[PDB]
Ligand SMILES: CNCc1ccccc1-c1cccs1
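For reference, the chain that follows is the form deposited without this ligand, supplied as structure tokens.
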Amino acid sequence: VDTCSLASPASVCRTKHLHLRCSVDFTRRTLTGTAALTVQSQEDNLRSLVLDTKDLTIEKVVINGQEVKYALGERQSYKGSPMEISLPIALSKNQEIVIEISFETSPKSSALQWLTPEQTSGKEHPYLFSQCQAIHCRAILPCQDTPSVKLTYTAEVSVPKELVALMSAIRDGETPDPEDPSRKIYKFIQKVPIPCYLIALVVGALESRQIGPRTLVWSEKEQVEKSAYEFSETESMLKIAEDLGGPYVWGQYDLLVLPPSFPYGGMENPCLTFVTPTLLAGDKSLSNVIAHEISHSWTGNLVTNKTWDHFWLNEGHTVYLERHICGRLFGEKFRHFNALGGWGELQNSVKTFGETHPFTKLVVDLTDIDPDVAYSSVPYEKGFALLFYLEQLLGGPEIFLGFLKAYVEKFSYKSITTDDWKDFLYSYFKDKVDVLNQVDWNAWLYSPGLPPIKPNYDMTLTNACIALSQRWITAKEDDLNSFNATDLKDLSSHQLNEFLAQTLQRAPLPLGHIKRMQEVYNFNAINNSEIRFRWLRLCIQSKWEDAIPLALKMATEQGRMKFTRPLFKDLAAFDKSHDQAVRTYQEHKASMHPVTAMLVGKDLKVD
């Protein structure tokens, strides 16, 4: 049972297909049209069904050419309102019918951000983008909003003719709109069954550039050249991912670089991965995000978590594959460096929540919990740590990668639970069941806090980061003179970031130390978003008033939640910037992404 959904479950009925015909109205900030759901009964004598909705206006529901009765239940907070539909004729098991729902979204749809022209790069045209994961698809259209159900889809999207629509699907042509010659209709087809959280739409002044045999990059004109360079490794990553996972079944792998308010680093929308423009470091150093979203084309989009309680299945396996891709590209020592880094991030998350908090469990219970509030590095890094620990237990990376590929083949096009995964693990490693029985399954899967065992990590690339961080932490005033730009000589951007992560873990440092760090390393000059983020956090937590405007600027000029939330939170905790932090939020709130606005508000204890 999916406790995040109010819809009929898959054991009652199953959506097979969605045909979406809609029009994007920028003047009203609404999407209007029809969602035609092909639904298969899973029960004898089925006379009604229930769908998820959130802030949707329902005009009518049509079956067999006639309007039918429906009722909207009372709103249940972030879950929205259940929509019960009375079928005109009782259905037998496996019978399929088509239900056409006429609907309109609210301008406040939590799935959508509507951008004015001034919020874009080009400054002439408006822009719209969606983000459905986890449970926001219901805020665009009525559906069984649960990843336990998979469906194909086709869509026709009417937009002002100067603009371009793209979706998580294969592009299927464009025409003038016969009802309004100021508009164009873009058509789309997704022929691989997907969970509805993978439905995506963007509308804006988009151009494209080819960067590989199956990849275009899309953005506004002013970002195209930079993005084409930044993500030039994409095809080589796809080839490695195919070796690890089996065939790529989705046809195209395009990339869309969003405006700065995109709340995530990446989102694995099928055929069209969405990325933050904060990846545009100029040197490809943040390309692990591409490798990660590529990997979801197997772990997530083919084998899918059955409910959000089992989210770690999606993210843990994907981080595991991500790090393997990067390991092939740049070496096994680099894979170990990033694995160790991720353990550090797990340390941070556990410290933040508290070692007994329910959100530090690998498998969670999301009953009455908004997924956006529970979201953290835990499913990512506790999940990766489990897989990395099992890798080392069961005989190494090539043995465990054999399992991963067999796992993907086994559960392709299905939605599964932790027990399904574990059962298959035991089946596959039939001859190592005694080794498997040494794992403390109850602790790993269901207990809060750090995992019961830390895996073994090569320290080669990490040693210099730790060494330099320790020099700074143990330095006294009379030691500050010895630090010099040459300290950074042999460190990669990845190592500089890790040096800062190590140091941030022991923050605050004395203000004089941080002032010296800027004097000799000039971190204010670095544009790499990950580095700048940790440096600004270090400054604010160490009470450097000079860093206040810098932190405010970064918190607001982009909206990746990873950066925006902790920067606002740090700014709120520093007495000198507290009032500015709350004021800046209040002034920006209306033009923020709805999810980001909500979470920053909660973080700051405002509204």
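In this text, residue numbers run from 1 along the sequence as written.
There is also a form deposited with this ligand bound; it is not shown, and the following applies to it.
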**OP:** Choose from 29-37, 540-548, 575-583, 62-70 the stretch whose residues reach within 4.5 Å of this ligand in the bound PDB entry, heavy atoms counted.
**Re:** 29-37
Original post:
Is there any non-hydrogen atom of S591 lying within 4.5 Å of this ligand in the bound PDB entry?
Top reply: no
Original post:
Does any heavy atom of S158 come within 4.5 Å of a heavy atom of this ligand in the bound PDB entry?
Top reply: yes
Subject >> Residue contact check: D440 to this ligand in the bound PDB entry, 4.5 Å heavy atom >> reply: no
Original post:
So, in the bound PDB entry, is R21 in contact with this ligand at a 4.5 angstroms heavy atom limit?
Top reply: yes
Original post:
Looking at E96, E225, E179, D423, which has any heavy atom no more than 4.5 Å from this ligand in the bound PDB entry?
Top reply: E179
Original post:
Which one of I85, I185, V203, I194 is close to this ligand in the bound PDB entry, taking close to mean a heavy atom within 4.5 Å?
Top reply: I185
